[PDB]
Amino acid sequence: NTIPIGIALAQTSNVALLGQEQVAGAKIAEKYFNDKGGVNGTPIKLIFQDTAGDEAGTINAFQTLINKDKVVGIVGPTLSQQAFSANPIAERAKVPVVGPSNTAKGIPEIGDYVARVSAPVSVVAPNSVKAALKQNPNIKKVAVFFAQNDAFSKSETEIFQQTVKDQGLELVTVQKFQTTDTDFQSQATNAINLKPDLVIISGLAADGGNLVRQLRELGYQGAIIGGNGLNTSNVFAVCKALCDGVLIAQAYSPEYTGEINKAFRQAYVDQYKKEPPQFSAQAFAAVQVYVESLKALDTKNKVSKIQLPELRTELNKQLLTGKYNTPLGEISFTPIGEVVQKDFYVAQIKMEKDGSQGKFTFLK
């Protein structure tokens, strides 16, 4: 007998360029927590249902997890674009959802059953602009690009644009693209003709990486910031050596000295031979929230004796009150499910000259 927790992430489609890291983090959490006895001796069982890359797939995944798999709660989905469409299904059904990577404005406000462990664009993104200005105090002109079909990208670009304004910089253009585009020659050239000193990109991984590469090919030599959708080594394959120097804000640091991070990092590094990415740590934290909440609930109200609808409602109520020492640091929730998290960072892509290997270097 086990306690089923649903994992609804993009395991297929180009969105899996981000989802792959989350699956890895979730599996690490499953072993970590089950090795400690699961929920007071009862193991958890992660049940994975692929959302693919769109809203319909996420709705189907959620409905399958809720109705067929009988899960006590869901971790997911990968994208805010998917969450805005699918989370209301879980809200209506009174099934908790914890978002591992949904950073758009308005996610926790979807309802009383929606929380997130992923710090939002408003708190994460401005730091990368400040980092760019530290490395080059003479930045004056900024070109901004965003994916106009993606909810997160639209939310993120608004924060980047406001930050540019607040730092006293000139916004020379805002260019739009679609996440499904591969060619950005017209937008890139339009921007390059305005002689920007800094370029900011809000997109996802494949699109973001292709845009970075094309900007460099077209002769752009200035600074580049990528938003959260570019925050994966899976962009290295796409831009290769031309990824070098891209700044991306982080809501996680491998070097964070919390005991559970040391354990998580060690487990990740031993397996994957590189530092754990943000998305992996955030997915781990989402699973942790469920395990620790299930433990606290079970101690007060033995879960094996609670029928599923009440179990879900009590689990939701419990998780919102909890304090968690996670790889992300000490986190908690506001009464509407917003994450409370103190520390943020900025990392910079460092490519080896041959372009076949790279890493994220954290700025001090």
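The first residue of the sequence shown is number 1, and the count goes up from there.
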| query | finding |
| --- | --- |
| 303 to 311 versus 321 to 329 - which carries the larger mean C-alpha B factor in the record | 303 to 311 |
| Average Cα temperature factor in the PDB entry - higher stretch of 258 to 266, 74 to 82 | 258 to 266 |
| Residue selected from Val238, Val95, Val289, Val142 by maximal Cα B factor | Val238 |
| Selection from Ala188, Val123, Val117, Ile200 [criterion: highest C-alpha temperature factor in the record] | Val123 |
| Record-listed C-alpha B factor of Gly358: chain third | highest |
| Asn40 by Cα B-factor - lowest, middle or highest third of the modelled chain | middle |
| Where the record places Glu217 (Cα B-factor, split into thirds across the chain) | middle |
| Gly337 by Cα B-factor - lowest, middle or highest third of the modelled chain | middle |
| Ranked against its chain, the third holding the CA B-factor of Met351 | highest |
